[PDB]
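Engineer: Before I ask anything, here's the sequence and the deposited coordinates:
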Amino acid sequence: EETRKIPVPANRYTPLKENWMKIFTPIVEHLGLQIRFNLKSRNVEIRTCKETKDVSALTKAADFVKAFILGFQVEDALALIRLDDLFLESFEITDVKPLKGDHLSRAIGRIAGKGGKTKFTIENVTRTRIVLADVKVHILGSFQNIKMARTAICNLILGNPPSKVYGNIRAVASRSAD
Amino acid sequence: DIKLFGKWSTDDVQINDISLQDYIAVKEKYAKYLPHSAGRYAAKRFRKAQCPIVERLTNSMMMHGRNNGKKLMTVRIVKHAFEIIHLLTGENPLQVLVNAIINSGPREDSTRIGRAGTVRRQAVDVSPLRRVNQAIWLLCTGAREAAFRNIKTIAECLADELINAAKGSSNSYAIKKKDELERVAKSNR
Amino acid sequence: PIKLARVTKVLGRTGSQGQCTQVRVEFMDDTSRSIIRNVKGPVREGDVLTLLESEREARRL
Amino acid sequence: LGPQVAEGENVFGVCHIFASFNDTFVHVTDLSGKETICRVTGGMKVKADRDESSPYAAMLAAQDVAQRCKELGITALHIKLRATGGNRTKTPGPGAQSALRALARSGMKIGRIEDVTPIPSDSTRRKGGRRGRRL
Amino acid sequence: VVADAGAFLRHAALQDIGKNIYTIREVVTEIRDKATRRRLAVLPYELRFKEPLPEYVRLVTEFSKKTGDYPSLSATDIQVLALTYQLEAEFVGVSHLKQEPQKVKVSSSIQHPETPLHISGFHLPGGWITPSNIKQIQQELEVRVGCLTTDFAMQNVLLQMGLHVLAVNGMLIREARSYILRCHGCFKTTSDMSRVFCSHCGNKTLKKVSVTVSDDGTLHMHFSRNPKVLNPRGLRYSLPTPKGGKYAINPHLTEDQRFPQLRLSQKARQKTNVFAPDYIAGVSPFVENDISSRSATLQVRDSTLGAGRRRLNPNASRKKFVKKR
Ligand SMILES: [Zn+2]
């Protein structure tokens, strides 16, 4: 029997506890896997058993809990246990432009927008979920959708105003046989 | 016993496909003495599937502009054409009609999916009711077109088209059009 | 080969002008393999079809 | 042709999956890493430079290396995931994820997943300018 | 076998085990779940409705106001208690059951109240969740008439009086451990785990304390001797002047204070379901976000959302470019 262990940071312990039933129920019911949370090592431990239906169910469960621990909604990672062409590519903000301090801070701001609106609008065009951890950006969707999402986000954190990015991303969605 | 035109048996015909068995209403319950019933089959959706197939053929033959009111003349045409069918083949002419209809309807068709400007048509399946409608319309249009300027009478070309469509030969206009739409759709996919 | 189909339930009307119908497809080959398909014309729940290629899948996602 | 081991014990290899920002490499090798069993990059499958980096080419390369492993008798694999690193991006793309997923699908026992990516302690200068990069 | 509404919610089809299946009309007519009501019209009808003689309803009330469970229970829960008390009285002799329930004993420990003991997936140093354990994990599981009570206050007063209580499992329950909330201002306990203001004094001062009741009739209550729990760090902070109007969010200081209605749009509070059989024909993997409504502009949030932000104390330093709505 083979297993995977997925670490949890301290800001993801309480979401892991409140959302715990919603985590372990689809893993053990529809994939038939053993699961626990090692508190001493602070790892979510997912293990194959006799009742597993097929191979690469445990990799689905690992991607499910990884997407949850990075900060996605539990429903959006139930999308990982269901769907097959969903991946997650992440990058730091200073992987595009060297930003320091308040400039870097404003970068985060103009990814998010007021109320989060910009973020949500990007999600509505590229059909992805974006999560902005402290200086880091995580995208979830299809491959071409993830590269559209990176194009929009990278234009946002090399300076362009959100209106230009909105127009460009809707045009790119129109030319992409969406 | 109920007979078409006083003479045509209806318990002897059979439907070869189960796809069109619920849409061609000729067999037992829906057989009648004359095609001319003047019933409301366009009152609501899917109601015309219960209309007998011979009345559908009569209605799609009076479709064109000068003959746009004449149904008694059209049912006369259908009576003479069925008589010619029985004289040529000897089979029950209703079964010949049913074989023509099931052999003439296209199985898939191309469709504009997208917007006005995207000329890439997608091949999609067809409804069995749409298949029956298109088979009826192509048979009537082929019979119409083949007998425009010639000595051959409308009923004669109609019977000949029904023979080629039921037999499956590549002489019917309807089977040629069916092959054309089907191969265009197979090119699209 | 030719694989005949059954309609389980009709999803909706799709297309540019709403001339396509997205339906759920059951097979009469004693298989529970239900697949989504798009058709042209009027269909209802309980129609029986004739599908030339069963390998084809509809616009899913 | 291969090791003379019973059906119980597995003969491990190490799988170096390297997901570049232009293609993806699959290098199966010894536990030492010194001698190579197989390596199928993404461009050995798709005949287009645009799709060297796709998860599709990554999947195909994973099937190829798995087939070659069952030829030579390797049954189980340790995995070292990798992106470019150094000055550049640290998190591996969907190419490595797709290769890992499809390779796990194709009958391989999977051992330990380790991220061996070159994180510098402290770096040289970035390939971009001050003015920025990536469109 | 007196069925509480918890049995009907849980779809506990235990009508074959017992024969004295009786219940109130009020507990079954208050259920708002559609699937349970559909299941009610399918089940074999051997259950019978009754109403207890009100004298035992008083008697149940005067000892529930003594055991410290009276504000927690509902009227219908008193109806269930009175019905099972009367069925016990009519079927079994009444000398078995005792009154004037026993005094609680106090025993404190060092563990924090938030220590996740007795949560199934967790493991301190094996405890796994197998496909064989999901039907098993309901609660702490261990003759003619019983109960199907799942609320802890029900089991508390029942095991205090001495009625044998059973579960969705057929075997009767011997031990019942749970958590309660106790006020550190007026020392009045509540069995409702949802409630954050005290019932007596009305202050936001309830803290978690564990309890366990035996089948004998003993209640023993475990405190936490940890100075983290009773520390007034972010409790004094200056408050804004009270604002009215349609958009004001006052800091929520009393339980029954009146808020203006700021509800999310129906599009925004919809989550994506992937187990639906019509999901794969859907255009996007996820539900579209709402960016067009007025509540999107007003930045209305779900009430549960942003909980760890509130537990940060207000006299502290947030980052310099963030704003807390
Ligand atoms: Zn109080």
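Structural biologist: Everything's here; your move. Residues are numbered from 1 along each chain as shown, chains lettered A, B, ... in the order given.

Engineer: Looking at chain C, which residue is nearest chain D?
Structural biologist: When scored by Cβ to the nearest Cβ, chain C has residue C:61 as its residue closest to chain D, at 15.4 Å. To be clear about C-beta, it is placed using only N, CA and C from the backbone, and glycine gets the same treatment.

Engineer: OK, contacts around that residue?
Structural biologist: Contacts for residue C:61 (Cβ atoms under 8 Å, 6 or more residues apart in numbering or on different chains) come out as A:83, E:280, E:282, E:283, E:284, E:285.

Engineer: can you confirm it is in a helix?
Structural biologist: No: counting by DSSP: H, G, I helix; E, B strand; the rest coil, one finds residue C:61 to be coil, located in no helix.

Engineer: what's the burial count for the residue of chain C found nearest chain B?
Structural biologist: Distances between chain C and chain B by Cβ to the nearest Cβ are smallest at residue C:41, namely 2.9 Å. Neighbourhood size, residue C:41 [other Cβ atoms under 10 Å in any protein chain shown]: 20.

Engineer: try residue A:44
Structural biologist: 26.

Engineer: Please list the residues of chain E that sit near chain C.
Structural biologist: E:278, E:280, E:281, E:282, E:283, E:284, E:285 (Cβ under 8 Å from any Cβ of the partner chain).

Engineer: wait, isn't the third one in contact with residue C:22?
Structural biologist: Yes: contact between residue E:281 and residue C:22 holds when scored by Cβ atoms under 8 Å: they sit 6.3 Å apart.

Engineer: shared neighbours, those two?
Structural biologist: C:11, C:36, C:58, C:59.

Engineer: Who wins on neighbours among those residues?
Structural biologist: Most surrounded of those: other Cβ under 10 Å gives residue C:58, at 21 neighbours.

Engineer: And the residue nearest the centre of chain D?
Structural biologist: Of all residues in chain D, the one closest to the mean position by Cα atoms, centre = their mean is residue D:17, 1.1 Å from it.

Engineer: got the contact list for that one?
Structural biologist: D:24, D:25, D:26, D:27, D:79, D:80, D:81, D:82, D:92, D:96, D:99, D:100.

Engineer: now those as CSV including neighbour count and secondary structure?
Structural biologist: Formatted as CSV, these follow (neighbours: other Cβ atoms under 10 Å in any protein chain shown; DSSP: H, G, I helix; E, B strand; the rest coil):
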residue, neighbour count, secondary structure
D:24, 31, strand
D:25, 21, strand
D:26, 29, strand
D:27, 20, strand
D:79, 24, strand
D:80, 18, strand
D:81, 20, strand
D:82, 21, strand
D:92, 24, coil
D:96, 26, helix
D:99, 31, helix
D:100, 26, helix
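
Engineer: Chain A: which of these is nearest?
Structural biologist: Using Cβ to the nearest Cβ, the contacts of residue D:17 come closest to chain A at residue D:100, 7.1 Å.

Engineer: thought that closest one was touching residue D:81?
Structural biologist: Yes: assessed by Cβ under 8 Å, residue D:100 is found in contact with residue D:81 at 7.1 Å.

Engineer: what residues are up against the closest residue in space to residue D:126 that isn't next to it in sequence?
Structural biologist: Nearest residue to residue D:126, sequence neighbours excluded (Cβ to Cβ, 6 or more residues apart in numbering or on different chains): residue D:87, at 4.8 Å. Contacts for residue D:87 (Cβ under 8 Å, 6+ apart) come out as D:120, D:123, D:124, D:125, D:126, D:127.

Engineer: Now do the nearest residue to residue C:3 once chain neighbours are set aside against residue B:105, distance only.
Structural biologist: Take residue C:3 and drop its neighbours on the chain: the residue closest to it by Cβ to Cβ, 6+ apart is residue C:54, 4.1 Å away. Distance, residue C:54 to residue B:105, by Cβ to Cβ, to the nearest Å: 19 Å.

Engineer: Could you do residue A:173 as well?
Structural biologist: 39 Å.

Engineer: if you count what's nearby, which of the two comes out ahead?
Structural biologist: Neighbour totals were compared for residue A:173 and residue B:105, and residue B:105 leads with 23 against 16 (other Cβ under 10 Å).

Engineer: and the more buried one, backbone torsions?
Structural biologist: The phi and psi values for residue B:105, taken as degrees, to the nearest 10, are phi -70, psi 130.

Engineer: Report the separation between the two terminal residues of stretch C:54-61.
Structural biologist: 19 Å (Cα to Cα, to the nearest Å).

Engineer: Can you name the residue of chain B nearest to chain E?
Structural biologist: Closest point on chain B to chain E, by Cβ to the nearest Cβ, is residue B:113, at 13.4 Å.

Engineer: wait, that residue sits on residue C:15?
Structural biologist: Yes: between residue B:113 and residue C:15 there is a contact under Cβ under 8 Å: 5.4 Å.

Engineer: ok, the closest residue to residue D:105 other than its chain neighbours - contacts?
Structural biologist: Distances taken as Cβ to Cβ, 6+ apart place residue A:56 nearest to residue D:105, at 4.3 Å, with adjacent residues excluded. Listed by Cβ under 8 Å, 6+ apart, the contact partners of residue A:56 are D:101, D:104, D:105.

Engineer: wait, is residue A:56 part of a strand?
Structural biologist: No: under the criterion used here (three-state DSSP), residue A:56 is coil, not part of a strand.

Engineer: how close does it get to chain C?
Structural biologist: In this view, residue A:56 and chain C are 20 Å apart by Cβ to the nearest Cβ, to the nearest Å.

Engineer: dump the residue contacts of the residue nearest to residue E:286 when sequence neighbours are not counted.
Structural biologist: Take residue E:286 and drop its neighbours on the chain: the residue closest to it by Cβ to Cβ, 6+ apart is residue E:272, 5.0 Å away. The neighbours of residue E:272, taking Cβ under 8 Å, 6+ apart as the test, are A:73, A:75, A:76, A:78, A:79, E:285, E:286, E:287.

Engineer: Was I right to think the residue of chain C closest to chain B contacts residue B:125?
Structural biologist: No: counting by Cβ under 8 Å, residue C:41 does not reach residue B:125; the two are 9.1 Å apart.

Engineer: all strands in chain D, in order from the N-terminus.
Structural biologist: For chain D, the strands defined by DSSP state E occupy D:12-19, D:24-29, D:36-39, D:76-82, D:109-115.

Engineer: element containing the residue nearest to the spatial centre of chain C, please.
Structural biologist: By Cα atoms, centre = their mean, chain C has its centre lying nearest to residue C:37, at 3.5 Å. Using DSSP states H and E, residue C:37 sits within strand C:35-40.

Engineer: What count of nearby residues applies to residue E:160?
Structural biologist: 24.

Engineer: Surely it touches residue E:213?
Structural biologist: Yes: taking contacts as Cβ under 8 Å, residue E:160 lies within contact range of residue E:213: 6.8 Å.

Engineer: between those two, what contacts are shared?
Structural biologist: residue E:219.

Engineer: and chain A, what are its domains?
Structural biologist: A:1-82, A:83-178 (curated CATH domains).

Engineer: And the helices in the chain?
Structural biologist: Since you didn't name a chain, this refers to chain A. A:13-18, A:20-29, A:58-70, A:74-82, A:102-112, A:117-126, A:143-156, A:162-175 (DSSP state H).

Engineer: Not quite, go with chain B.
Structural biologist: B:53-61, B:72-88, B:93-104, B:128-146, B:154-167, B:173-188.

Engineer: Out of those, which is closest to residue E:107?
Structural biologist: The minimum distance between residue E:107 and the helices of chain B falls on helix B:128-146, with 77.5 Å, by Cβ to Cβ.
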